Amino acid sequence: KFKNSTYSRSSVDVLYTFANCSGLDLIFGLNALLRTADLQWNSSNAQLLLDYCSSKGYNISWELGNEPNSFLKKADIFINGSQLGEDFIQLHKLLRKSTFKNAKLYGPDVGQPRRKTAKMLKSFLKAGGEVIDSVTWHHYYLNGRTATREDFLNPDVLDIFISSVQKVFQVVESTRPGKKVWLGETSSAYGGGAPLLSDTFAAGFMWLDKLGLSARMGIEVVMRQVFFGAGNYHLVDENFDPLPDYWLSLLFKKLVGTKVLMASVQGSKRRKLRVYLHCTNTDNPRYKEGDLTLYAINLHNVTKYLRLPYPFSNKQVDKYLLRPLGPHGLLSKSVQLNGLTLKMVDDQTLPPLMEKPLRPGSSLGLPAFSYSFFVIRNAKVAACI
């Protein structure tokens, strides 16, 4: 199916200025299917791009290839992991000779670790692992064409992600112990997403759970497919309007800190009530060093009431509960925060994210099929100072 296309300096500029004007750090994936007669990576096109980007003062990080595990299917070329690692070494040499000699390099952007992919990842890391700054791999739960509503709410589907993560770390620990591991591209469902699902409130169980598990298990960065574009797993639709996953992502960004802790539920079914705990983001002006952010998913069909442990039982808690705006329930494309529909003030202005202060000592209410953040104020957790 896949044919070659070209892109211009204009395109490069559009992409960079979008990232730079938005305060985002651009990672650019290079074409790994440009090959010499004997299957070595031909770096000549990338050299052209590197030079151009150097000439404009663009600070860019690099990747090389996307899902190299399926190059044989996509282009009838098999590149083994050893060769790919050598290719990355050659890119790293080009970067070291460039204006940004300390530019970062990530790869190999393999898919989820089925046997053959795991093998390619291992041989890649043996060969090229010294030159990458983080290991990148990809994950989607389901094929968008067949995924059901039930799948988006099923803890058995959510839990598959755990063994993928464990398998990637098994490979990394056997080859480049301690190298950072990143989810380089990830979403609910492939084929562009599940129609009427991946762009709704229902998509948020998969997204928040993935974030929670990724943080809990040692993944350092998670890259969401996609901010904007084709399909319906986008955060922002065709009219530049934010979908429920955008607002969930914004709340996560504002409330959840870098230091990851742990929460669990006593009685320990640990299936349909899913809980995660970090220190509160210190950039949030409302909170202070020591504060905790709990986030929780309830996949039961009844409300659950959570009780905080000592010494946090009587602390002031700020609730940030997300529910869909009707009439479409979990299939809604609109969301309310503590009963207030989330929507832009205007094109330049995000709305405030207004908390609901709870009565100190109260149990934390989590309705059926909902997710919420809870900031525990004055928690005074030494680990978070």
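We number the residues from 1 along the sequence you see. Between two forms, the rigid core is defined as the largest C-alpha subset superposing within 1.5 Å.
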Do the Cα atoms of 71-79 or of 109-117 sit farther, on average, from the shown structure in 6 other deposited structures of this protein when the rigid core is superposed? 109-117
Do the Cα atoms of 161-169 or those of 270-278 sit farther, on average, from the shown form in 6 other deposited structures of this protein after fitting on the core? 270-278
Stretch exceeding the other in mean C-alpha B-factor - 67-75, 163-171: 67-75
Name the higher of the two by mean Cα B-factor in the PDB entry, 269-277 versus 200-208. 269-277
Per the PDB entry, maximal CA B factor within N338, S332, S61, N42: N42
So if I compare the CA B-factors in the entry for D156, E220, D283, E185, which one is the largest? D283
In terms of its chain's C-alpha B-factors, the third that includes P327 is the lowest
Using the B-factors in the PDB entry, rank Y320's C-alpha atom against the chain and give the third, lowest, middle or highest. lowest
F100 - Cα temperature factor, lowest/middle/highest third of chain: highest
Tell me, lowest, middle or highest third: where does the Cα B factor of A127 rank within its chain? highest
Among the modelled residues of its chain, does the C-alpha B-factor of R216 lie in the lowest, middle or highest third? lowest
